[PDB]
Amino acid sequence: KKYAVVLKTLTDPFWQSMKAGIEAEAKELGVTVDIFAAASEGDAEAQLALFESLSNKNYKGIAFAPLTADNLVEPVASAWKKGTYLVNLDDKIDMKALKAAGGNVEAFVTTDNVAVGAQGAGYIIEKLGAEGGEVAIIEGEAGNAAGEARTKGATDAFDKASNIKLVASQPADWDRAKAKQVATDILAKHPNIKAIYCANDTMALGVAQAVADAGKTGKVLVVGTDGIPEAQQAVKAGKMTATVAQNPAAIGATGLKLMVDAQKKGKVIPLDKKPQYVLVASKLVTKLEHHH
Ligand SMILES: OC[C@H]1O[C@@H](O)[C@H](O)[C@H](O)[C@@H]1O
């Protein structure tokens, strides 16, 4: 049989890299993998419906990145009861809710997202120096576990830092236009803002455009997360200050490998057993300076 992967979306580069990484790993393992996302973008109910349709196609295993912590709880529990080998990718499902629903997953593969936020905020703190300044966080969608961890890690770092004042922490729901809108509002209400940490690059690129439109490119630091090509290009060009790169290809490849390796014991993970927890490294991408 084959394996299935349900991602948040296939239109955005972070997730496209994850799909490509899954396929590269499938090519090394010699397994067949179908990778999907639901047509309605960001629709948690559409993604549930997609998951439910796949869970009835006799896949050996399904890896999934849920759009929210709760939207896939019931169909994941249902698949576990059917003996499906399940791997949570990237964004943490509500595991206590999953257990209450009667299910489990073999593994969760993710980035240390508290560390991501701490790195993004930490680089801002380093770049602002002793004088510090007003900073803001553009959050992902409220309640998404990975985004929440980044907000926590950044907020904690900013709170401890001398002369840093976090003046705004606001969701833009992983959306570039909405992040441009939120950044425009922050720039209007906080004309002394010195830096904005953004929970992903889709948002950071919108923020960078708001900063440019305000004539403030280089005057307001903009840090993203994911490391998508356009953000790495923005960092090179000075349009973004940095981005905390993730490795979506490795997240996907590792999740597929865990799903394949899980079947060797001939049974899905017991209900009372803790899933595997596999961290994939992040890396701060800054403007490459070799000039003394
Ligand atoms: O889909 C929006 C975002 O979801 C997070 O959970 C992922 O780690 C990436 O940052 C992605 O860009």
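Index from 1, following the sequence. Order of appearance sets the numbers: ligands from 1, and atoms from 1 within every ligand. Heavy-atom basis, side chains included; hydrogens, waters and symmetry copies ignored.
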May I ask you to list the atoms of ligand 1 that are less than 4.0 angstrom from any heavy atom of [X]?
X: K8; answer: 1 (O), 4 (O), 5 (C), 6 (O)
X: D91; answer: 6 (O)
X: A146; answer: 6 (O)
X: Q246; answer: 7 (C), 8 (O), 9 (C), 10 (O)

Protein heavy atom at shortest distance from atom 1 (O) of ligand 1: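 Result: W15 NE1, 2.8 Å.
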Judged by modelled atom types alone, do [X] and [Y] share a side-chain donor-acceptor pair under 3.5 Å?
X: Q246; Y: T111; result: yes
X: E134; Y: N192; result: no
X: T225; Y: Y197; result: yes

Are any of the N or O atoms of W174 closer than 3.5 Å to those of ligand 1?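 No; the residue has no nitrogen or oxygen that sits under 3.5 Å from a nitrogen or oxygen of the ligand.
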Say whether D90, considering both its backbone and side-chain N or O atoms, lies within less than 3.5 Å of an N or O atom on ligand 1.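 Indeed, backbone or side chain, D90 has an N or O that close.
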Should one rank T9, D226, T111, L7 by closest heavy-atom distance to atom 9 (C) of ligand 1, which comes out on top?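 Going through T9, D226, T111, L7 one by one, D226 has the nearest heavy atom to atom 9 (C) of ligand 1.
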With a 4.0 Å cut-off on heavy atoms, is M203 in contact with ligand 1?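 Heavy atoms of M203 never come under 4.0 Å of ligand 1.
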Quick one: does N144 get within less than 4.0 Å of ligand 1, heavy atoms only? no
Looking at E148 and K152, is any side-chain nitrogen of the basic one under 4.0 Å from a carboxylate oxygen of the acidic one?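 Between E148 and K152 there is no salt bridge, as every charged N stays at least 4.0 Å from the carboxylate O atoms.
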Is it the side chain, the backbone, both or neither of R150 that has a heavy atom closer than 4.0 Å to ligand 1? side chain
Partners passing side chain to side chain contact (heavy atoms under 4.5 Å, CB included) against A145 (at least two apart in sequence or in another chain):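 Partners of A145 by the side chain to side chain contact (heavy atoms under 4.5 Å, CB included) criterion, ordered by chain and then number, come out as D91, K92.
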With sequence neighbours excluded, tell me which residues meet salt bridge (charged side-chain N to carboxylate O under 4.0 Å, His left out) with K239.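 Once residues adjacent in sequence are excluded, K239 has no partner under the salt bridge (charged side-chain N to carboxylate O under 4.0 Å, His left out) criterion.
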Just so I know, are the side chains of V87 and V109 near enough to count as touching, which here means a heavy-atom distance under 4.5 Å? yes
Member of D94, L48, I93 meeting the side-chain contact (heavy atoms from CB on, under 4.5 Å) criterion with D70: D94
